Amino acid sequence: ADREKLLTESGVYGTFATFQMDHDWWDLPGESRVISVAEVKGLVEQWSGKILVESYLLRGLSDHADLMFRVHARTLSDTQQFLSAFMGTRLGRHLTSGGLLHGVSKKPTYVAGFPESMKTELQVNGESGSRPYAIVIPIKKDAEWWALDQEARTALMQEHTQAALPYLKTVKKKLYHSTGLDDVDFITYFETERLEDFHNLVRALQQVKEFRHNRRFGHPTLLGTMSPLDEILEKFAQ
């Protein structure tokens, strides 16, 4: 049950941590690599009490990245401790740590001021699938966005939501509030079985006025496939 709570409640920290495997990892015998895989698996299980970790194969879809973790935790200290432990494991020691981003899941700022019919649609349940594609786009707003008053921003977000609703059927979403914890304002996360829909979703959004206030849109756009840890690591132990 508590797994659900970290994935849906407000006040939960979400961290996105990317990694790439050193060339010299293959110089290890295959035996060593499988023992190393074992260690990592154990570490994750030991932390399963305090935090939830999900894995993604970025290798072959995202540039300069093999593995990503999405870690949910009630305090970032625990995430620190886990990631430090992880990077210390023998597998971890052969990993070049890529990007790292943090944000807190929060209660919605503009949605209360939307129409009632638009609130119903947002409550509708979309993509419920295993092994979907996963996308992460960090976002930074311009100065102009903050200078706007609440009514203006609420209007712009309503246009945003309107453009995107049709795609809630096949695309799942989650928003993290990132300001002050790194160099972006939000982290956006998505799961979909249909990449061409996701493409059309992003295209629809590029046409709303709100879009021009995204001072940073991507860089990087992370694309991968959701997968259990064992399957990912197994690739490397062969």
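Quick note: we count residues from 1 along the sequence shown, nothing fancier.
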Note to self: Test of understanding: from the entry's C-alpha B-factors, which stretch has the higher mean, 98 to 106 or 124 to 132?
What the structure shows: 124 to 132
Next item on the list: Name the higher of the two by mean Cα B-factor in the PDB entry, 199 to 207 versus 40 to 48.
Entry: 40 to 48
Next item on the list: Determine which member of 188, 179, 62, 32 has the highest CA B-factor, using the values in the deposited entry.
Entry: 32
Item checked: Among 137, 147, 112, 157 - the residue whose C-alpha B-factor is largest in the record -> 112
Notebook entry, point to check: Ranked by Cα temperature factor within the chain, is residue 169 in the lowest third, the middle third or the highest third?
Noted result: highest
Item checked: Cα B factor band for residue 118 (lowest, middle or highest third within the chain) -> highest
Check: Lowest, middle or highest third: where is residue 229 by C-alpha B factor in its chain?
Finding: highest
Check: Going by what the PDB entry lists, where does residue 66 fall on CA B-factor within its chain: lowest, middle or highest third?
Finding: lowest
Next item on the list: Using the B-factors in the PDB entry, rank residue 183's C-alpha atom against the chain and give the third, lowest, middle or highest.
Entry: lowest
